[PDB]
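One structure below.
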Amino acid sequence: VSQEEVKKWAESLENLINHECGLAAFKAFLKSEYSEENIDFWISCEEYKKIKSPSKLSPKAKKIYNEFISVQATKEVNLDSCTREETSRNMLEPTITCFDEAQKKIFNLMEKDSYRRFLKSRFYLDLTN
């Protein structure tokens, strides 16, 4: 990784997720915090943000909701108790802003924790001496 690219990670989370090596380094970093569910959830949420038809959101919404938001999900995602409940009510009316609020929580959570840790992480320090 070049020293120019890691500095972008210090400028915004999107750059870390939009960087080919940031994703590689970020995916491995999540493994350290066992927060790999966050990136898998982010990939499903990204597809949700690209679908602009509220008719197809329902089918996949139940699968993502039952898979990632289900209290019985084998891989529950770290979210507030209100965010999950809000998504459940959106199932009655699937909109493009249905999972947008949840992704924002993942962005703020990893940003308030992963970014703080990334700057102090050995990987960032090694790449950023």
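Residues in the structure tokens are named by chain (A, B, ... in the order shown) and by number from 1 within that chain; ligands are numbered from 1 in the order shown.
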
Give the alpha helix (DSSP H) residues of chain A, as DSSP finds them on the backbone, and put them as a ChimeraX atom specification.
/A:3-9,13-18,20-33,36-50,54-64,81-90,100-110,116-120,122-127

So which residues touch residue 26 (chain A) within 10 Å, counting only C-alpha atoms, skipping near sequence neighbours fewer than 5 positions away, as an NGL selection string?
:A and (16-17 or 19-21 or 31-32 or 36 or 39 or 114-115 or 118 or 123)

Would you mind exporting N, CA, C and O atoms of the selected residues as a CSV table (one decimal), in the first residue's frame?
chain,number,residue,atom,x,y,z
A,16,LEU,N,-11.5,4.2,2.9
A,16,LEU,CA,-11.0,2.9,3.4
A,16,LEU,C,-11.9,1.7,2.8
A,16,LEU,O,-11.3,0.7,2.4
A,17,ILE,N,-13.2,1.9,2.7
A,17,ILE,CA,-14.0,0.9,2.1
A,17,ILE,C,-13.9,0.9,0.6
A,17,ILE,O,-14.1,-0.1,-0.1
A,19,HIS,N,-11.2,1.6,-1.1
A,19,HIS,CA,-9.8,1.3,-1.5
A,19,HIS,C,-9.7,-0.3,-1.7
A,19,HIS,O,-10.1,-1.0,-0.8
A,20,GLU,N,-9.1,-0.7,-2.8
A,20,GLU,CA,-8.9,-2.2,-3.0
A,20,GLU,C,-8.1,-2.8,-1.8
A,20,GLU,O,-8.4,-3.9,-1.4
A,21,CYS,N,-7.1,-2.2,-1.4
A,21,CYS,CA,-6.3,-2.8,-0.3
A,21,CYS,C,-7.0,-2.5,1.0
A,21,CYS,O,-6.9,-3.2,2.0
A,31,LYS,N,-11.8,-9.3,11.2
A,31,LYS,CA,-11.6,-10.6,11.7
A,31,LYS,C,-11.1,-10.5,13.1
A,31,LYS,O,-11.4,-11.2,14.0
A,32,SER,N,-10.1,-9.6,13.3
A,32,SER,CA,-9.5,-9.5,14.7
A,32,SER,C,-10.6,-9.1,15.7
A,32,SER,O,-10.6,-9.5,16.8
A,36,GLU,N,-16.8,-9.3,11.3
A,36,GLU,CA,-16.9,-9.6,9.9
A,36,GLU,C,-18.3,-9.5,9.4
A,36,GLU,O,-18.6,-9.3,8.3
A,39,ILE,N,-19.1,-6.1,7.5
A,39,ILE,CA,-18.8,-6.0,6.0
A,39,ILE,C,-19.7,-6.9,5.2
A,39,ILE,O,-20.2,-6.4,4.1
A,114,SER,N,-13.4,1.2,14.7
A,114,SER,CA,-12.4,0.7,13.7
A,114,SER,C,-11.4,1.8,13.3
A,114,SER,O,-10.2,1.6,13.4
A,115,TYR,N,-11.9,3.0,13.0
A,115,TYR,CA,-11.0,4.1,12.6
A,115,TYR,C,-10.1,4.4,13.7
A,115,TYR,O,-8.9,4.6,13.6
A,118,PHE,N,-7.9,1.6,13.8
A,118,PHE,CA,-7.0,1.5,12.6
A,118,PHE,C,-5.8,2.4,12.7
A,118,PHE,O,-4.7,2.0,12.4
A,123,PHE,N,-1.2,-2.6,11.7
A,123,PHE,CA,-1.2,-2.6,10.2
A,123,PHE,C,-1.0,-1.2,9.7
A,123,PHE,O,-0.2,-0.9,8.9

Ranking A:125, A:72, A:108, A:61 by minimum distance to residue 94 (chain A) and counting only C-alpha atoms, which one comes first?
A:61

Selection: 12 Å around residue 124 (chain A), only C-alpha atoms, excl. self and same-chain fewer than 6 positions, as a PyMOL selection string:
chain A and resi 1-3+5-10+16+21-22+25-26+29+114-118

Export, as a compact mmCIF listing (two decimals), in the first residue's frame, the selected residues with N, CA and C atoms.
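What ended up in out_23.txt:
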# COMPACT_ATOMS: atom_id res chain seq x y z
N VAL A 1 0.86 -1.22 0.00
CA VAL A 1 0.00 0.00 0.00
C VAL A 1 0.88 1.25 0.00
N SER A 2 0.59 2.20 -0.85
CA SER A 2 1.41 3.44 -0.89
C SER A 2 1.08 4.32 0.31
N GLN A 3 1.98 5.19 0.69
CA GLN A 3 1.71 6.08 1.85
C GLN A 3 0.62 7.10 1.49
N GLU A 5 -2.18 6.51 -0.19
CA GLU A 5 -3.52 5.87 -0.02
C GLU A 5 -3.90 5.73 1.46
N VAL A 6 -2.99 5.36 2.32
CA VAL A 6 -3.37 5.21 3.76
C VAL A 6 -3.82 6.56 4.32
N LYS A 7 -3.22 7.64 3.90
CA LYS A 7 -3.66 8.97 4.42
C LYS A 7 -5.13 9.19 4.09
N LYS A 8 -5.58 8.73 2.95
CA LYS A 8 -7.02 8.90 2.60
C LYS A 8 -7.86 8.21 3.66
N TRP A 9 -7.40 7.10 4.16
CA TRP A 9 -8.17 6.38 5.21
C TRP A 9 -8.32 7.30 6.41
N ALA A 10 -7.39 8.18 6.62
CA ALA A 10 -7.50 9.11 7.78
C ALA A 10 -8.42 10.27 7.40
N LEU A 16 -11.55 4.18 2.89
CA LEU A 16 -11.04 2.87 3.40
C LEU A 16 -11.86 1.74 2.78
N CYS A 21 -7.10 -2.18 -1.38
CA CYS A 21 -6.30 -2.78 -0.29
C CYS A 21 -6.97 -2.45 1.04
N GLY A 22 -7.64 -1.34 1.12
CA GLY A 22 -8.33 -1.00 2.39
C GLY A 22 -9.34 -2.11 2.66
N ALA A 25 -7.33 -5.05 3.76
CA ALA A 25 -6.83 -4.80 5.14
C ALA A 25 -8.02 -4.67 6.09
N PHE A 26 -9.06 -4.01 5.67
CA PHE A 26 -10.24 -3.83 6.55
C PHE A 26 -10.91 -5.19 6.80
N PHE A 29 -8.83 -6.90 9.28
CA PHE A 29 -8.92 -6.20 10.58
C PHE A 29 -10.23 -6.57 11.28
N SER A 114 -13.45 1.23 14.66
CA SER A 114 -12.41 0.72 13.71
C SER A 114 -11.42 1.83 13.35
N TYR A 115 -11.91 2.97 12.95
CA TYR A 115 -10.98 4.08 12.57
C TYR A 115 -10.06 4.43 13.74
N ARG A 116 -10.60 4.56 14.91
CA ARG A 116 -9.74 4.88 16.07
C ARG A 116 -8.71 3.77 16.22
N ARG A 117 -9.15 2.55 16.10
CA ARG A 117 -8.23 1.39 16.22
C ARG A 117 -7.32 1.31 14.98
N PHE A 118 -7.85 1.57 13.81
CA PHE A 118 -7.02 1.49 12.57
C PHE A 118 -5.83 2.43 12.69

Tell me, counting only C-alpha atoms, for each residue of region 91-128 of chain A within 12 Å of region 42-56 of chain A, which pair of atoms is nearest and how far apart they are in Å to one decimal, in rows ordered by chain and increasing number, as a Markdown table.
| residue | atom | partner | partner_atom | distance |
| --- | --- | --- | --- | --- |
| A:91 | CA | A:54 | CA | 10.5 |
| A:92 | CA | A:54 | CA | 11.1 |
| A:93 | CA | A:54 | CA | 8.3 |
| A:94 | CA | A:54 | CA | 5.8 |
| A:95 | CA | A:54 | CA | 5.6 |
| A:96 | CA | A:49 | CA | 6.3 |
| A:97 | CA | A:49 | CA | 8.2 |
| A:98 | CA | A:48 | CA | 9.0 |
| A:99 | CA | A:45 | CA | 6.6 |
| A:100 | CA | A:49 | CA | 7.4 |
| A:101 | CA | A:45 | CA | 10.3 |
| A:102 | CA | A:45 | CA | 8.6 |
| A:103 | CA | A:42 | CA | 6.7 |
| A:104 | CA | A:42 | CA | 10.0 |
| A:105 | CA | A:42 | CA | 10.8 |
| A:106 | CA | A:42 | CA | 7.9 |
| A:107 | CA | A:42 | CA | 9.1 |
| A:110 | CA | A:42 | CA | 11.4 |

Could the residues in this selection be saved with N, CA, C and O atoms as a tab-separated table (two decimals), in the first residue's frame?
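Heads up, here's the output in result.tsv:
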chain	number	residue	atom	x	y	z
A	91	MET	N	-40.62	-3.45	6.98
A	91	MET	CA	-40.98	-4.62	6.13
A	91	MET	C	-42.40	-4.41	5.60
A	91	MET	O	-42.72	-4.79	4.49
A	92	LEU	N	-43.24	-3.80	6.38
A	92	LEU	CA	-44.64	-3.55	5.93
A	92	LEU	C	-44.60	-2.54	4.78
A	92	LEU	O	-45.46	-2.52	3.93
A	93	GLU	N	-43.60	-1.70	4.77
A	93	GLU	CA	-43.48	-0.68	3.68
A	93	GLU	C	-42.00	-0.56	3.28
A	93	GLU	O	-41.32	0.36	3.68
A	94	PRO	N	-41.50	-1.50	2.50
A	94	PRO	CA	-40.08	-1.47	2.08
A	94	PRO	C	-39.73	-0.22	1.27
A	94	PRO	O	-40.27	0.01	0.20
A	95	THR	N	-38.83	0.59	1.77
A	95	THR	CA	-38.42	1.83	1.06
A	95	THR	C	-36.91	1.84	0.88
A	95	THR	O	-36.20	1.02	1.43
A	96	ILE	N	-36.39	2.77	0.11
A	96	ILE	CA	-34.92	2.83	-0.10
A	96	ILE	C	-34.25	3.28	1.20
A	96	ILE	O	-33.07	3.07	1.40
A	97	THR	N	-34.99	3.90	2.08
A	97	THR	CA	-34.39	4.36	3.36
A	97	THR	C	-34.61	3.30	4.44
A	97	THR	O	-34.36	3.52	5.61
A	98	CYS	N	-35.09	2.15	4.06
A	98	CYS	CA	-35.35	1.07	5.06
A	98	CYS	C	-34.04	0.65	5.75
A	98	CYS	O	-33.93	0.70	6.96
A	99	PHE	N	-33.07	0.22	5.00
A	99	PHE	CA	-31.78	-0.23	5.61
A	99	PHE	C	-30.75	0.90	5.61
A	99	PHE	O	-29.66	0.74	6.13
A	100	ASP	N	-31.05	2.03	5.04
A	100	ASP	CA	-30.06	3.14	5.03
A	100	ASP	C	-29.72	3.54	6.46
A	100	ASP	O	-28.58	3.81	6.79
A	101	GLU	N	-30.70	3.58	7.32
A	101	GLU	CA	-30.45	3.97	8.73
A	101	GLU	C	-29.52	2.94	9.38
A	101	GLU	O	-28.66	3.28	10.17
A	102	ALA	N	-29.69	1.68	9.06
A	102	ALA	CA	-28.82	0.64	9.67
A	102	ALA	C	-27.39	0.79	9.15
A	102	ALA	O	-26.44	0.71	9.91
A	103	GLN	N	-27.21	1.00	7.88
A	103	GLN	CA	-25.83	1.17	7.34
A	103	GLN	C	-25.18	2.36	8.04
A	103	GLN	O	-24.02	2.33	8.39
A	104	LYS	N	-25.93	3.41	8.25
A	104	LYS	CA	-25.36	4.61	8.93
A	104	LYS	C	-24.84	4.18	10.30
A	104	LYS	O	-23.80	4.62	10.74
A	105	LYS	N	-25.56	3.33	10.98
A	105	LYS	CA	-25.10	2.87	12.31
A	105	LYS	C	-23.81	2.07	12.14
A	105	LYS	O	-22.88	2.19	12.92
A	106	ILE	N	-23.72	1.26	11.11
A	106	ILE	CA	-22.47	0.47	10.90
A	106	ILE	C	-21.35	1.45	10.57
A	106	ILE	O	-20.25	1.35	11.08
A	107	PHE	N	-21.62	2.42	9.73
A	107	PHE	CA	-20.57	3.43	9.38
A	107	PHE	C	-20.13	4.16	10.66
A	107	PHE	O	-18.95	4.32	10.92
A	110	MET	N	-18.22	1.43	13.16
A	110	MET	CA	-16.84	1.12	12.72
A	110	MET	C	-16.02	2.41	12.71
A	110	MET	O	-14.86	2.43	13.06

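Counting only C-alpha atoms, the residue from A:126, A:111, A:37, A:86 that sits nearest to residue 74 (chain A) is A:37.
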
Who sits within 12 Å of residue 81 (chain A), only C-alpha atoms, same chain under 3 positions skipped, as number ranges by chain:
A: 69-71, 76-78, 84-88, 102, 105

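A straight line drawn from CA of residue 18 (chain A) to CA of residue 90 (chain A) is 28.3 Å long.
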
What gap, in Å, lies between CA of residue 62 (chain A) and CA of residue 34 (chain A)?
24.4 Å

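The spacing separating CA of residue 4 (chain A) from CA of residue 129 (chain A) amounts to 12.1 Å.
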
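Minimum atom-to-atom distances from A:83, A:58, A:63, A:121 to residue 33 (chain A) were compared using only C-alpha atoms, and the lowest value belongs to A:121.
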